[PDB]
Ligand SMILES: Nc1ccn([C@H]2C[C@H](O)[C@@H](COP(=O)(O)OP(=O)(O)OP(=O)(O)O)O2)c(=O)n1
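Given next, in structure tokens, is a single chain: the form deposited without the ligand.
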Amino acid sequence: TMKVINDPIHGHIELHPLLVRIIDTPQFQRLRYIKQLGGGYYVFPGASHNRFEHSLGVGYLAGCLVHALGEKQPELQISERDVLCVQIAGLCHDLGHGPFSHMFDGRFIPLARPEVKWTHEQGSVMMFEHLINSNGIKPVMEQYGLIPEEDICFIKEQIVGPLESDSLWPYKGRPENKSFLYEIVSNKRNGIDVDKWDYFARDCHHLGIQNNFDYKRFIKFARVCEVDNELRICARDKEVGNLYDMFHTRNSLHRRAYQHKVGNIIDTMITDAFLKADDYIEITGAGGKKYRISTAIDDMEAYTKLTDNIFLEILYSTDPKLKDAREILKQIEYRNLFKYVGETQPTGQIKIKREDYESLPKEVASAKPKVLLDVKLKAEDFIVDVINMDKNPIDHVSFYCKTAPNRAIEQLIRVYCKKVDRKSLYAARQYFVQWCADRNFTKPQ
């Protein structure tokens, strides 16, 4: 039946039946309720897009890439099984994302369970297992040629990396003669996945930013080529221009959107409300076990029901135990947001870790501003946001000469105050410039 979907970025998108059986599941439809840019919608009206449309776009591009490669280089032995496998992986890369996307894995779980190590990617593999175990997708895979064991491995390894983790070949879903396949959906080495292609295009389409690259061109002029004796997705030397444009694009999206002063403040605000509500909201999981926002990631049956909905559940609650949290959201509505204090950077290659996120506010309040301050602030009154951004650009990308196509030719720390009196704002700036100095961080300007 090959269902066709009309997407705003990719136009008509043909979907194989296995891809549909997966999409039409509770586990997968969950992304229809998780905004892609998270809190960015409270700054960009156009950012109403959710992770569902993204996951579809990534599946469509991942397949376009493998199929084009296999058609131009039959030697590579790219099979239709491989095509379908890469498609499913790109279709589930974000299946593990939580409410408001990055807010959840980058700031919420870190401040809620600092001892835990959670990643949207780990979550993706776990939800994939849940999806294929709760919707009997295993037999459907066999029916369409896939080899369940081997192929499920291949897909998960495409989403999270060598599972079993100067040596040899670490993957176990596919051999080394097909290494290039592991570079389509997620590849931070060259920093060019098909995921980034879709998210750049779509976040640009909806946010209002101009997209300068043309994924279609790459897909056409792409070719597997030998680099340091390894099969790698290379591209013609003429695409350098397009690549630079793509990097420009990436930079613009980060500066104007992903690192937006207010959008990030609204993120820390929502996170605060969640933390204040974490001891009261109940997400029912397996066997009725009542998980919490922070603990729901331990039972995929509940993480299925953990979406952006929680936000409104909080806003519309009557439970007095959720007043604190609810009022934070009410603040957002009225636009009585946290007040920006300053911005600093770690020194050297130091990078603050998630396990130490909860400590940052306290260190700020425990500082001793030289000039004695009238008002004394406490941590609870402080918010410390750590913004991560992921090296010369085109030098790390591989290229091939058209005559011989087979061969080849970071952290921002922002401090915001929950109090708005001119007084407390001045005191926060003092505590902040101190924390920077006594932790050896750049001089706030």
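Counting begins at 1, following the sequence as shown.
K.L.:
Per the entry, how many residues of the deposited chain go unmodelled between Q349 and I350: none, 1 to 3, 4 to 9, or 10 or more?
P.N.:
Per the deposited record, the segment joining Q349 and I350 has no missing residues.
K.L.:
Between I409 and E410, how many residues of the deposited sequence have no coordinates in this entry: none, 1 to 3, 4 to 9, or 10 or more?
P.N.:
A long stretch, 10 or more residues, is missing between them.
K.L.:
Select between 53-61 and 395-403 the stretch whose C-alpha atoms have the higher average B-factor in the entry.
P.N.:
Comparing 53-61 with 395-403, the higher mean C-alpha B-factor belongs to 395-403.
K.L.:
Please compare 219-227 with 153-161 and name the stretch with the higher mean C-alpha B-factor in the deposited structure.
P.N.:
Looking at the record's C-alpha B-factors, the answer is 219-227.
K.L.:
Tell me, please, which of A437, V20, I9, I13 has the highest C-alpha B factor according to the deposited entry?
P.N.:
Top of the list by C-alpha B-factor: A437.
K.L.:
Please pick out which of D374, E313, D272, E327 has the largest Cα B-factor as recorded in the entry.
P.N.:
Top of the list by C-alpha B-factor: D374.
K.L.:
Which third of the chain holds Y258 when residues are ordered by C-alpha B factor: lowest, middle or highest?
P.N.:
As the PDB entry reports it, the C-alpha B-factor of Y258 lands in the lowest third of its chain.
K.L.:
What third of its chain's C-alpha B-factors does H130 belong to: lowest, middle or highest?
P.N.:
Tercile = middle for this residue's CA B-factor.
K.L.:
Thinking about Cα B factors across the chain, which third does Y334 belong to?
P.N.:
It falls in the bottom third of the chain.
K.L.:
Grab the CA temperature factor for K418 from the record and place it in the lowest, middle or highest third of its chain.
P.N.:
Its C-alpha B-factor belongs to the middle third of this chain's values.
K.L.:
Ordered by C-alpha B-factor within the chain, which third holds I387? Give me lowest, middle or highest, please.
P.N.:
For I387, whose C-alpha B-factor we compare with every modelled residue in the chain, the answer is the middle third.
The protein also exists as the form deposited with the ligand bound; that form is not presented, and the subsequent description refers to it.
K.L.:
Backbone and C-beta atoms within 2.4 Å of 3 or more ligand atoms means blocked; with that in mind, superpose the ligand from its pose in the deposited complex onto this chain and give open or blocked.
P.N.:
The pocket is open.
K.L.:
Residues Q36, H93 and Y199 are flagged as a possible site; in the deposited complex, is every one of them within 4.5 Å of the ligand by some non-hydrogen atom?
P.N.:
Per the other structure, all of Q36, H93 and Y199 touch the ligand.
K.L.:
Which residue among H130, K276, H102, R292 has a heavy atom within 4.5 angstroms of the ligand in the deposited complex?
P.N.:
It is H102 that has a heavy atom within 4.5 Å of the partner.
K.L.:
Have a look at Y171, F311, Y258, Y182 for me and say which one sits with a heavy atom within 4.5 Å of the ligand in the deposited complex.
P.N.:
By the 4.5 Å criterion, the partner-contacting residue is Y258.
K.L.:
Determine whether any heavy atom of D195 comes within 4.5 Å of a heavy atom of the ligand in the deposited complex, and answer yes or no.
P.N.:
Yes, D195 sits close enough to the ligand in the deposited complex that at least one of its heavy atoms falls within 4.5 Å.
K.L.:
State yes or no: in the deposited complex, is some non-hydrogen atom of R30 no more than 4.5 angstroms from a non-hydrogen atom of the ligand?
P.N.:
Taking the distances in the deposited complex, the answer for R30 is no, it never comes within 4.5 Å of the ligand.
K.L.:
Quick one: does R223 come within 4.5 Å of the ligand in the deposited complex, counting heavy atoms only?
P.N.:
Close contact is absent here: in the deposited complex, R223 is far from the ligand, nothing within 4.5 Å, heavy atoms only.
K.L.:
Test of understanding: in the deposited complex, would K323 fall inside 4.5 Å of the ligand by heavy atoms?
P.N.:
Heavy-atom contact with the ligand at 4.5 Å: absent for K323.
K.L.:
Looking at heavy atoms inside 4.5 Å, which stretch does the ligand contact in the deposited complex, given the options 342-350, 293-301, 70-78, 249-257?
P.N.:
In short, 249-257.
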